[PDB]
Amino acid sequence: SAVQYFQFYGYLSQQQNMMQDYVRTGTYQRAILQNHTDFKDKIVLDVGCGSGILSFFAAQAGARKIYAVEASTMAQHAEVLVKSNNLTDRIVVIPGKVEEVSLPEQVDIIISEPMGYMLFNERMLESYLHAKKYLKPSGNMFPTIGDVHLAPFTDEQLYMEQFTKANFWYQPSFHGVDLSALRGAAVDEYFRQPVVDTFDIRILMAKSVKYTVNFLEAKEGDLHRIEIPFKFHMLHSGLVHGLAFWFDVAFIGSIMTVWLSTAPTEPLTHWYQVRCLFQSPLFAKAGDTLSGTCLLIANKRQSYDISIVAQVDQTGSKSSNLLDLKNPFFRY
């Protein structure tokens, strides 16, 4: 399963998909170059460098030595880019997992792009935090912090489409076969899929809750289990069909903080946004409070189980769902 995960990152087409996200690439370049004093003549560790583009940005900012660590066979293409760019003196590509490789020295700054869907998908943040064993005291992290946002949404058409799909199985004679006994299992399977898509911000029914991970302070085991209580104060009346998720990360440099946002108010990125449906919708009047917990539990497939319990406090109407982020539905 981890084998499949790294093979995916060995394709230049996948690297190209990430590089052509101008929000992503341009913000990292701004973050590094406009904080050139965090890089001028320092030692840099680039965790999961892929083609090496962030290592070149750190070179452009004046770093004297960058260790670029990469587990996929993309590391071979990265070394070709270091030669052809005449940077063999300053960029050393180290093939392997950051947990296994040897660094020759401690570093001043760690750079990486370890954000998956919903921030945490693919569990790359664990490698990122694990690399802190090479960070000097008062070293920096780029990105420095991550904010997950949660917000309730209404989207009757997204909810209904799940049943339209599963009702294929509610047929007493599909070519003469009664399929209806599998309707519930099919419904169950569709609702366990987080929906990757963007959406109009007017579907949001309350201001988002924010959960912050400080990468300078977090330990790797802090990401095995992530409990996010929420209390939403409903700004609109309607049926809540589930929770929408997006994230921001900040690069907190000596000169300035640069923000990379995937919010639905911001230009689209290849992370889009993520929505998780409730099993049953919940009615809330403007002014009601929607309260509950989102519990992320790391699983065997480099991903998370998502457990969401929610209730309308004024009413007692409760709903839940348990989702698996490894099998998302790409609706865009």
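All residue numbers are counted from 1 along the displayed sequence.
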| request: Select between 97-105 and 235-243 the stretch whose C-alpha atoms have the higher average B-factor in the entry. | output: 97-105
| said: Which is higher on mean Cα B factor in this entry, 267-275 or 56-64? | reply: 56-64
| said: If I read the C-alpha B-factors straight from the PDB entry, which of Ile91, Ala151, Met124, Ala131 is highest? | reply: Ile91
| query | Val80's Cα B-factor: lowest, middle or highest third of the chain? | reply | highest
| remark: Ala166: CA B-factor among chain residues, third -> lowest
| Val312 - Cα temperature factor, lowest/middle/highest third of chain | highest
| task | Please place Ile297 in the lowest, middle or highest third of its chain by C-alpha B factor as given in the entry. | result | lowest
| What third of the chain, by the recorded C-alpha B-factor, contains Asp305? | lowest
